[PDB]
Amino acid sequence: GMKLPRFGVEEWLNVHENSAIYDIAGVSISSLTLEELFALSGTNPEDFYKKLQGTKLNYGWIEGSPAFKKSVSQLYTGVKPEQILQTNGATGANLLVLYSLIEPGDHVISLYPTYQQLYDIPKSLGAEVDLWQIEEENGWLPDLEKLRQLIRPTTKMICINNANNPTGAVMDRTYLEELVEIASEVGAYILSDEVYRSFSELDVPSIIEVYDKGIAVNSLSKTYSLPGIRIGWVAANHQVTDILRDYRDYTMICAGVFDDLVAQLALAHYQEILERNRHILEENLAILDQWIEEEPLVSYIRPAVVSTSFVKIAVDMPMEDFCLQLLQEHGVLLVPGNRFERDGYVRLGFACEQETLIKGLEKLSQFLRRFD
């Protein structure tokens, strides 16, 4: 539509996901079953079902359970449970933040390309949105000097995605502190969608650990392998949290009763999930790295050990056509770079089943021999 464009990755997936033989387009980490979650957590399934079975499926915990709020707060330094609001995924959290806070005429600066919510939602609300461009020559980070040129006395909000979708690149503490010093000149909020926790050795604090006006969005979908419960949160200062609480009936009311119950269990054993997911990330990333070095037509900036990557394909044809042809001919699904307004690249999600990765890559290399 006019002030709200179709969601580009979504439209691509809607059309092509059912045609995929080897799906390396998703950017999550191999999802958990309840069975696997019980096993890694040491939970007795029968006790869980007994509790569930007798719970009224009313609106439940409007803002998330006390255990949810406490466990989430504990993932951060210096954040109280009262600063946590449960949402339907990081999706619902980004929407709740932007819809609640952004007014017509507000100036907003968004990392770009990045997750499409972060720039198109504010545009749709009448914001004036400037794009803060990532630079492949600088590790896919945008230029803080350019940010100083874009910011205005009245800038309301800067949106970032850390680590970023599609690149997997991360701003570390030193970078974030400089970003914060710039935002602090004008009292701008910084909304940081943090679904991609780096498993690298970099020091990567949450925005809210470096800035009082940092608004952290996160979820159990990408780092914790539970997209199917649709549980995320916003972490913000008391003032922001108090504003947001009065707008959740426009978008969600609340998240689900069972969904929150599973979230409580997952968060109570988050370190076990991280350990599972570290192995998948490191082993699959090593496979991707080896392949990238072996294949002369592809190269990339290695992601900060998160489940998204953005691979540069040295072939002179639009990537949408390249990916359509690869799909038709070999059944391999990628997301082409033009869907992020950076053609010449494809988004490759590698933290899927290792077998599917290997075959996908093998078949991609087969396709690439057609262009030498």
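Position 1 is the first residue in the sequence shown; the rest follow in order.
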Comparing average C-alpha B factors as deposited, tell me which of 274-282 and 108-116 sits higher. 274-282
Can you tell me whether 340-348 has a higher mean C-alpha B factor than 62-70 in this record, or the other way round? 340-348
Specify which of 260, 128, 295, 194 carries the largest Cα B factor in the deposited PDB entry. 295
Maximum C-alpha temperature factor, selected from 82, 136, 103, 249: 136
Could you place residue 211 in the lowest, middle or highest third of its chain by Cα temperature factor, using the values in the record? middle
Could you place residue 312 in the lowest, middle or highest third of its chain by Cα temperature factor, using the values in the record? highest
Looking at the temperature factor on the CA atom of residue 57, which third of the chain's modelled residues does it land in? lowest
B-factor third for the C-alpha atom of residue 157 within its chain: lowest
Against its chain's modelled residues, does residue 198's Cα B factor rank lowest, middle or highest third? middle
